Each structure stands twice: as structure tokens, then as C-alpha cells.
Amino acid sequence: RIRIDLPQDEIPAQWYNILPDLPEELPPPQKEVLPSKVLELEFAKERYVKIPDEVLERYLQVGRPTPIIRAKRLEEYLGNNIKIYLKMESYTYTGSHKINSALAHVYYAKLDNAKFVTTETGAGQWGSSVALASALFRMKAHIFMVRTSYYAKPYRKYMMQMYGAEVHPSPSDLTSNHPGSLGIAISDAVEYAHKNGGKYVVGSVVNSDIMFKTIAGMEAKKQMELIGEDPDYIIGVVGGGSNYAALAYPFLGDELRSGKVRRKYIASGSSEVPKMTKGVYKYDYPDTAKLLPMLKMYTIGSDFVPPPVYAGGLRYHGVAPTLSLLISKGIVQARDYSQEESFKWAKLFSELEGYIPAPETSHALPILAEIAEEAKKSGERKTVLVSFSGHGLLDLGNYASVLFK
Amino acid sequence: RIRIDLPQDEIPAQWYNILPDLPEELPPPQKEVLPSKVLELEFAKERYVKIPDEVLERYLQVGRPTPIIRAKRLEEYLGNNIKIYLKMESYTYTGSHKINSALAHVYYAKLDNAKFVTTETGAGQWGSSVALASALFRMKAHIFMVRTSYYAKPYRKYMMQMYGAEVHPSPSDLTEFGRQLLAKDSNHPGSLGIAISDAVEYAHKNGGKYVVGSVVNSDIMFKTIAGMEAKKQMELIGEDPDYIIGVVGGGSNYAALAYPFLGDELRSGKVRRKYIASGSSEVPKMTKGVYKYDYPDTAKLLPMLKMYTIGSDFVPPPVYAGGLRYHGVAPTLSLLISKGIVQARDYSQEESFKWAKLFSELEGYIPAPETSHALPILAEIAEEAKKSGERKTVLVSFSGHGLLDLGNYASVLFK
Ligand SMILES: *Cc1c(COP(=O)(O)O)cnc(C)c1O
Ligand SMILES: *Cc1c(COP(=O)(O)O)cnc(C)c1O
């Protein structure tokens with residue numbers, strides 16, 4: 001009884017849409033390449049949206065529902081002051097939550113009779129997720145991978161290729177050895193989709209994309225209800241915020257409706273990319289390519305470039321608009337930790353629990369230490385539910401660059 | 001309804017020992033450093049050996065029981081002539097079945113009050129599994145890794161290090177055997193036999209125990225937790241497999257799945273299911289091995305075993321990347337093959353990796369290169385099943401995922 005399995009025939013059948021439940025309307029922003037039904041869901045007004053049959057089928061295909069695991073050996077290390085439950089989005093075939101939305105974007109593109117889909121990727125997480133979704137929907141995928149990552153971090157490129165996708169170093173020939181960047185790769189992929197009748201699958205922080213990922217939180221609420229455990233804290237890490245919102249919003253939405261928020265919601269980023277603790281809540285460009293409307297979000301600037309030493313994976317400059325609203329209203333609390341502190345926790349967690357977290361995920365572990373410290377003072381036990389967003393088996397080089405000389 | 005989970009509170013509590021049920025008497029084999037219980041269990045005569053409670057607990061800790069997944073999209077591709085169930089040993093935290101043995105070996109080392117464990121490793125699959133097992137028992141681990149692999153295949157080294165193991169390039173300066181070889185070449189490339197000799201000496205001289213990753217009977221027995229689980233999972237959905245298939249490195253993953261089923265039939269007096277196992281035609285011990293006593297490890301130490309072998313000095317061509325490099329077949333499995341009870345196949349790495357890619361696109365999960373050699377068997381079964389007029393059920397030992405072996409695939413498939 002470490003693992004809480006949800007049977008596949010009990011998988012939730014709807015996504016959760018937080019918009020009708022937000023304290024106040026979201027600041028408004030300030031269509032040829034996007035799947036049509038995706039743009040439409042960005043304004044959805046109903047609280048629950050049915051997961052299409054074909055999408056749910058492939059959720060089951062890629063390993064959903066994912067388990068919750070109780071991290072009892074970590075609990076002991078922390079003095080048994082808190083109980084720790086991990087929602088294991090790492091258990092999907094691509095090793096993260098990203099496939100939860102990649103599958104939906106590809107489904108809706110297929111419904112627009114897309115000839116192929118395109119997308120950008122840096123280190124390869126989003127690209128490999130889109131490559132898997134495309135294979136399962138029998139769709140041709142053209143992935144534009146920053147040339148530096150295309151050569152430095154080749155394994156996820158090989159993964160995309162095993163799934164049948166064509167991986168193009170950005171900038172490429174279709175379009176001397178310009179190392180590229182993520183913003184060029186977005187333009188590099190958005191153009192190829194525009195001039196060849198493809199659709200662009202957006203790897204950014206829109207509302208529809210959080211909604212698709214909320215299958216994780218819908219499952220977790222069922223699983224926690226299955227063992228009779230109501231979490232006092234829900235925590236996670238913020239690249240753009242989609243993985244954390246996906247877990248928390250199904251729980252938080254019911255609190256917002258009932259009037260009172262009882263649970264504590266805490267999210268972390270990297271202090272080398274400190275949008276969570278040093279970012280400013282204002283309109284900014286959600287992608288470094290500067291196309292896509294501006295939205296009001298916590299941000300350290302779409303032009304921010306992480307230090308070369310940074311290997312923690314939370315490189316994005318901003319926070320999803322709904323999550324930013326929640327933070328500015330005091331509903332979600334913010335933290336930031338260094339990669340040395342986080343990767344030290346990742347190593348400890350690997351030895352204690354046996355499972356190597358993604359470097360991104362490791363930034364949630366210092367939160368647990370803080371909650372345990374407050375519990376020791378209070379001194380009342382608390383239950384924490386963690387978005388365990390990925391595993392680290394394709395990121396061991398990141399860990400090595402910091403931990404192993 | 002494609003995944004069959006076995007709840008953790010339903011995990012089997014004993015390992016299966018085929019020795020009392022083998023048809024013929026199996027060739028008897030031909031040690032301050034081995035755990036005492038490991039030596040004892042080689043010759044065990046009971047059918048079932050109780051899994052110690054501390055080992056069971058860590059089975060749960062590393063992801064057991066693993067799921068069976070039905071590969072419906074692959075069934076469709078193949079004409080819906082067969083049902084295909086995959087026992088997913090890839091779902092353990094180290095990505096393969098080797099942890100099922102490593103945990104037992106480390107526990108019995110702890111029971112002997114060992115100060116630490118040692119083992120050898122090449123590509124890193126065994127080293128990673130011992131490193132995790134050791135972490136979960138708070139056992140210090142010293143892993144002696146073939147020096148060339150130490151630098152060439154570093155990701156699995158990093159995995160060992162994340163688990164807190166100390167990784168020593170081999171030959172190392174920590175032993176006399178290693179220091180002597182470094183005196184001739186300060187950067188000696190090492191070998192698996194050299195790494196074995198390193199680990200054994202270090203254990204012997206410093207109060208540790210050596211954890212063996214080879215085809216001894218106890219090792220297969222420890223891995224039978226996967227077959228015990230799979231038998232319960234298949235019975236739970238009313239599916240009796242007609243074929244049980246897998247790949248052969250030394251044969252432990254396949255035996256671990258098959259033996260719990262095969263024992264029942266050996267006891268009934270007649271084998272009705274079909275058992276098919278495959279290797280690499282570049283390392284063709286399965287189809288072209290000589291059946292004789294041979295060294296189970298490449299620089300001796302362990303006693304000789306009677307097995308299908310192509311010689312412990314066999315080295316595969318440098319283009320080979322299928323991962324089934326080992327030169328022999330476990331002795332009990334060798335016996336079964338020689339009696340016609342298990343059928344042998346071998347496939348090229350081009351044919352197997354072609355199937356790996358197809359399977360990755362159809363089902364969305366990247367097999368280990370080693371595992372991919374089971375896939376060609378399915379096309380043979382689909383043909384046979386069509387002739388029967390019934391839809392036949394196949395159970396597959398899905399021994400690992402390929403995420404740490406994607407370079408291997410790229411060398412064959414992507415230029
Ligand atoms: C990309 C990534 C993240 C951050 O993404 P979000 O936009 O915050 O959801 C977190 N964990 C893993 C494993 C990732 O790959
Ligand atoms: C080592 C390995 C094998 C070979 O296993 P044997 O027990 O020796 O037959 C097969 N598959 C994977 C994934 C392996 O790592």
C-alpha cells in the first residue's frame with residue numbers, strides 16, 4: 001500500500017475549466033495555423049468539458065490513469081511530520097504530463113484535416129510528446145529542434161524519430177550552423193505550417209492547454225477520495241505552470257465556489273530564472289517569437305536568457321495567466337530555489353524512494369522541507385499532494401553537470 | 001481495458017524453483033565472497049521459496065507488481081489473429097527485471113552482515129539495479145565498471161551515482177589485481193572478466209560480499225516474481241496463454257516469466273503451451289550454441305555450467321548493438337531447449353529494430369533493444385494461429401524500455 005491505482009475503467013471523462021470559477025475575470029489579451037476547436041475552447045464557459053472518445057482512448061494507451069504513490073521513506077527522513085503523496089505524471093510513456101495536452105491538440109488538428117503538424121522544442125520534452133501523440137493519431141509531425149539541443153541532447157531527438165516524426169535542426173533548410181533559440185524555432189515551425197498547409201501545435205501556456213492537462217487533477221481527486229485523504233497542501237513546480245494548475249485546479253475550483261479556500265497551494269520555480277519570486281505581473285509576450293497575443297502574467301521578460309550553467313529545465317520566462325491571477329490574489333503562494341539545492345534534494349529522493357525525478361520536478365522537494373519544518377513547530381501533521389511531473393532518465397546529463405564534478 | 005493491474009496487497013509471496021520439476025536431471029554445476037543464502041539456494045529442492053518480508057517490501061517500493069498491457073494496436077496490425085499481452089518489467093524504477101534479483105542478492109548480503117556489496121558492470125544495466133537495491137537497504141555499493149564503458153555510456157553511470165553507489169572504472173587501483181594491470185596501462189580499457197576480478201578481490205579483502213549477475217539458478221528463481229505475478233494477472237481475466245515468448249541474454253528474464261507456467265505442465269506430464277525464446281543472430285547461442293560445460297563468466301571464478309554456448313571468448317561484431325551479447329544460455333533453459341520443450345529463434349538486429357520502431361509507433365512505448373528480438377516471433381505466431389481457426393493468446397516478457405538505449409537504436413536506424 002504505497003501505490004494507489006485508479007482502474008482504467010474509472011478514468012475521469014471530463015476536463016475541468018477554471019474560468020467560470022475565478023474570483024474575477026481574466027485580463028483580456030492585448031488563427032490560420034491553429035486547430036479550430038482549440039481556439040474555441042480558450043473561451044469555454046462551461047465548468048466541465050467532455051473529453052472526446054478518441055482522446056480518452058489514447059490517454060489509456062499512454063498509461064493513464066497514473067498512480068499516486070506515498071513517499072514513506074521521505075516522510076521518515078523528514079521526521080514523519082507530514083504525509084507525502086505524489087501524483088506520478090512521470091508514469092506516462094513519454095515520462096511527463098505534456099502528453100495530456102499533446103494528444104488533444106493533435107486530435108483537434110486531425111479534425112481540421114491537417115496534412116501534418118509542426119511544433120518547436122528545445123531540450124525535447126514537448127517535441128517527444130507531440131511525436132507520440134502524432135504517431136497514435138497517425139499524423140505526420142515536423143518538429144523544429146534548436147540546433148544546439150539537437151546535437152547536445154540527442155536522445156529525445158532519437159525518441160521523436162522512433163515515434164516516426166521528422167526532426168529538423170532549427171534554423172534548417174526547409175524554412176551557417178546558427179545555434180538557434182526557442183523563439184526562432186517557433187517562427188521556424190509556425191511558418192512551415194503556414195506555407196505548407198500544416199497546423200501548428202502550440203507549446204505555450206494558454207487556457208485550453210491547462211484544461212487538457214487537468215485529467216491529472218481529476219484523477220488525483222478520485223484517488224485521494226479513494227483512500228480517504230484530503231490534502232492540506234497541493235504543491236508543484238512552474239515552467240509555464242500547466243502541470244501545477246492541472247493538478248491543483250480541480251481541487252481549488254470547488255473551494256473557490258464554496259467561498260473559502262482552506263487548502264494551501266504553493267508552487268516553485270528556479271532562482272536562476274526567478275519569474276515566481278522576482279517576476280512582475282504585467283502584460284508580456286507569451287513566447288519569445290512575439291507572435292501570440294500578449295497576456296497579463298508574472299514575467300521576467302520574454303527576452304530573458306537563462307545562464308549557461310542552468311540545467312534545471314524551468315527556462316520559461318512567465319507564468320500562465322490564470323495561475324498569475326491566482327498568485328496576485330494571494331491564493332497560490334510562490335517560491336524559488338537554486339538548482340544546487342533542488343538537485344541535492346533530487347539525489348536524496350532518488351536514494352530514499354528509488355525513483356529519479358526530472359530536474360524540473362526536483363524544485364518541488366525544497367517545498368516539502370519547508371512544510372515539514374513548519375509542521376515540526378506547530379506541531380501538527382499535514383498531508384501534501386505533489387505534482388510529480390516527470391522522471392529524469394533522459395536528463396541525467398543535467399544532474400551530472402551539477403552534482404558529479 | 002488494456003492494462004491489468006495486480007494490487008500491491010495481492011503480490012505473490014514466494015519464488016518458483018523449477019529444479020524439482022525438470023523432466024531430466026539437470027547437470028549439477030561444476031565463496032567467502034558470496035552471500036551464504038545465495039549459495040544455499042542454488043541447490044534448493046523445495047518448489048517454492050518464501051520471499052523474505054524485507055525483500056517483498058522493496059519489491060513494492062520499486063514499482064511491483066508490474067502491469068500486463070494488452071497491445072491491441074499491434075494485434076490489429078497483425079490481423080486480429082492473436083491476442084498479445086505484455087508483462088511489463090520495464091515498469092520497475094530501473095526499467096527492467098534485473099532489480100528482481102538485485103534486491104534479493106543485497107538482502108542476503110545484509111543478512112551475512114556484509115560491510116558493503118560489490119559487482120561488475122559493463123553497459124550499466126546490472127550496476128544500476130544493484131545501486132538501487134543497495135540504496136533501498138542502506139547498503140554501501142562499490143560498482144566496478146569496465147573503464148571504456150565508464151566513459152562511453154555515462155548515463156547509466158550517472159544513474160548509479162544518483163542512487164549513491166560508488167562507481168570505480170575497472171581495472172581500478174583499489175585492488176592488487178587492478179593495480180597490476182594499471183602498471184602496464186594507466187588507462188587500461190578493461191573487460192567484463194577484469195571487472196569481475198576487481199569486484200571479487202575488493203569484497204574479499206575488505207569484508208564485503210560480491211553480488212553476481214549471471215545465470216545461476218538462484219538468480220532465475222529470484223526473478224520468477226514476474227511469472228508468479230503474470231500467472232495471477234492472466235487468471236484474473238480468464239486468459240490462459242497458448243504461447244509464452246521472450247528474449248535470451250542469459251535467459252533469466254524469459255525463464256522468470258515462463259517457468260511458473262511451465263512447471264504446472266511439467267507436473268501434469270504433458271506440455272500443451274508453446275514456449276519460444278529468441279536471441280540475436282549476431283550472437284547465436286540460441287540456434288547455434290554447442291551444448292557443453294563452459295564458464296558462465298568471461299574470466300572464470302564461477303564454476304562451469306552445462307549450457308548452450310558459443311564460447312566465453314566470443315566478442316560480437318562492433319556493429320552489433322542489440323544488447324544480447326552474452327555467450328551462453330542458463331543451464332535449466334538449455335536443458336529445456338535440448339528436450340524440445342522451449343523452441344529457439346534468432347533474428348538479426350535489422351529485423352528486430354524494424355519491429356521496435358513499428359511497435360513504438362503503434363503502441364507508443366519504446367522497447368529496450370534486447371526486448372525487440374521477441375517481436376519477430378509474433379509474425380510467426382500470427383501465421384500459425386490463422387491455420388488453427390482459433391484466436392491464440394501470446395504472453396510476452398517485455399523485459400525493459402529503451403530510453404537509455406536510444407543511441408543503440410540510432411546507430412542502426414538513424415544513419
Ligand atoms: C516541461 C516540464 C515541466 C514544466 O512545464 P509546465 O509548463 O510548468 O507544466 C515540468 N516537469 C517536467 C518533467 C517538464 O518536462
Ligand atoms: C540484461 C537484459 C536482458 C537480458 O536478460 P537475461 O535475463 O540475461 O536474458 C533482456 N532485456 C533487458 C531490458 C535487459 O536489460
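Computed from heavy atoms alone, side chains included, the values below leave out hydrogens, waters and symmetry copies. Both counts, for ligands and for their atoms, begin at 1 and track the order of listing. In what follows, chains are A, B, ... by sequence order, proteins preceding strands, each numbered from 1.
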Under-4.0 Å salt bridge between B:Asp219 and B:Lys98: no
B:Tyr16 ring center near B:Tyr259 ring center (under 6.0 Å): no
Give one line per pair: atom of ligand 1, protein atom, distance. Only N/O to N/O under 3.5 Å.
from	atom 1	to	atom 2	distance (Å)
ligand 1	5 (O)	A:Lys98	NZ	3.2
ligand 1	7 (O)	A:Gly240	N	3.0
ligand 1	7 (O)	A:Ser242	OG	3.3
ligand 1	8 (O)	A:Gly239	N	2.8
ligand 1	8 (O)	A:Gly240	N	3.2
ligand 1	8 (O)	A:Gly241	N	2.9
ligand 1	8 (O)	A:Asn243	ND2	3.2
ligand 1	9 (O)	A:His97	NE2	2.9
ligand 1	9 (O)	A:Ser242	N	3.3
ligand 1	9 (O)	A:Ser242	OG	2.5
ligand 1	9 (O)	A:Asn243	N	2.7
ligand 1	9 (O)	A:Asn243	ND2	3.4
ligand 1	11 (N)	A:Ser389	OG	2.6
ligand 1	15 (O)	A:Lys98	NZ	3.3

With sequence neighbours left out, what residues match B:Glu229 under salt bridge (charged side-chain N to carboxylate O under 4.0 Å, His left out)? B:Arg64, B:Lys87
By ring-ring contact (aromatic ring centres under 6.0 Å, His included), A:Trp126 pairs with (sequence neighbours left out) none
Would you check, one step at a time, whether the test side chain to side chain contact (heavy atoms under 4.5 Å, CB included) holds for B:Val130 with B:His105? CA-CA 9 Å; B:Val130 175; B:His105 282 102; over 6 Å; no
Residues which pass ring-ring contact (aromatic ring centres under 6.0 Å, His included) with A:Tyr310, listed by chain and number, not counting sequence neighbours: none
